[PDB]
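The chain below stands alone and is given in C-alpha cells; this is the form deposited in one PDB entry.
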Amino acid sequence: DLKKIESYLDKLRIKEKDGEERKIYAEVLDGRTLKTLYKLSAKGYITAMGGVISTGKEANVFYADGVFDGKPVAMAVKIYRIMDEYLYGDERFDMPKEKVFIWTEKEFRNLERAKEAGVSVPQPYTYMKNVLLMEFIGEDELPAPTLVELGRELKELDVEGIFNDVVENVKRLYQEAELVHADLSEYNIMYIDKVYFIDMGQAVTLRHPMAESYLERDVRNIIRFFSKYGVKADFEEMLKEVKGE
C-alpha cells in the first residue's frame, strides 16, 4: 500500500517541502483513507489539505481549505483510524471497519444535534466513511488552544466567565440537545473569545443507561479543573443547574 499512499499524497499536493507533513500523512493514514480525501476533494468540499493538527491513538486531525454551502471555509479534517460502552446502549445506532464508520457518523450526528441546540461546537460540514469535516476553530491555520494548553495564561483571563460559559454549554447540551458529552474536560474544550466543545463521537443521549453517571463525571472534571484557577463551585449546585432542578 506504500506506493498507493505516495501516489495520493502526490494527487493531494502534499509536498516534500511542506515540512514534516508528507511523512506524517503517509504514516498515520492509509490508502483507502487518502482515496476518500481525494474523493472529498473531487466533490469540491476540500480545496487544499494543509498541516497536521493532531496525531492520536484513535484519530488524526488536519487543517484544510475547503468549500461549504457555496463559500470558502477553513476546516478541521478529523480522521478515525480503521468505544463499546458508548455505542451499545445508544439505541440510535443499530449494532471492525464498519464500526469506525458508525462512530464517525455518531460524532457527526452529535455535533449537528449539539449545534442545533445552541451548544458551542465547530459547525459540522460533512462526513464520509472515516473522515469528518468541520469548522476550523482558530486562526491562520493555527488551532485555538484547549484549556490545558492555555494553562497559567488562564489566570490573566476572566476565568469565572469561562467557567460559566462552560456550564451554560453543558446545560444546553443536556436540556436542549438531550445529550451528555461523556469526555468533557480541559483537554476537550477550546477557547477563542468563547469556549467550544469538541471530541463527541462518544456523546450519548439521555436514553443511554449510563448518561447520568457520565454527566456527573463531566461535572466533577470541570469543577476539579477550574478549582486550580480559583473558581469556587459546588457539585450539587452545578449539577442541578445543568439538569434543571
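Just so we're on the same page, rigid core means the largest C-alpha set that superposes within 1.5 Å between forms. Shifts are known only where both forms have a C-alpha. Residue positions are given as counts along the sequence shown, with the first one as 1.
We do not show the form deposited in another entry, though everything after this point is about it.
> Quick check on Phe101: with the core superposed, does its CA move 2 angstroms or more between this form and the one not shown?
No, the C-alpha moves less than 2 Å.
> Core-aligned, does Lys232 move its Cα 2 Å or more between this form and the one not shown?
No.
> Superposing on the rigid core, does the Cα of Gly89 end up 2 Å or more away between this form and the one not shown?
Yes; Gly89 is a residue whose C-alpha shifts (by 2 Å or more) between this form and the one not shown when the cores are overlaid.
> What direction does the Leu147-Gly19 Cα distance move in the other form compared with the shown chain, closer or farther, given a change of 3 Å or more?
It is farther: in the other form, the C-alpha atoms of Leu147 and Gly19 lie at least 3 Å more apart than they do here.
> Closer or farther apart in the other form, the C-alpha atoms of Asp18 and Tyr63, for a change of 3 Å or more?
Relative to the shown form, the pair is farther apart.
> I need the moving stretches between this form and the one not shown: superpose on the rigid core, then report runs of 3+ consecutive residues where each CA shifts by 2 Å or more, in sequence order.
Runs with every C-alpha shifted by at least 2 Å: 3-9, 13-21, 88-92.
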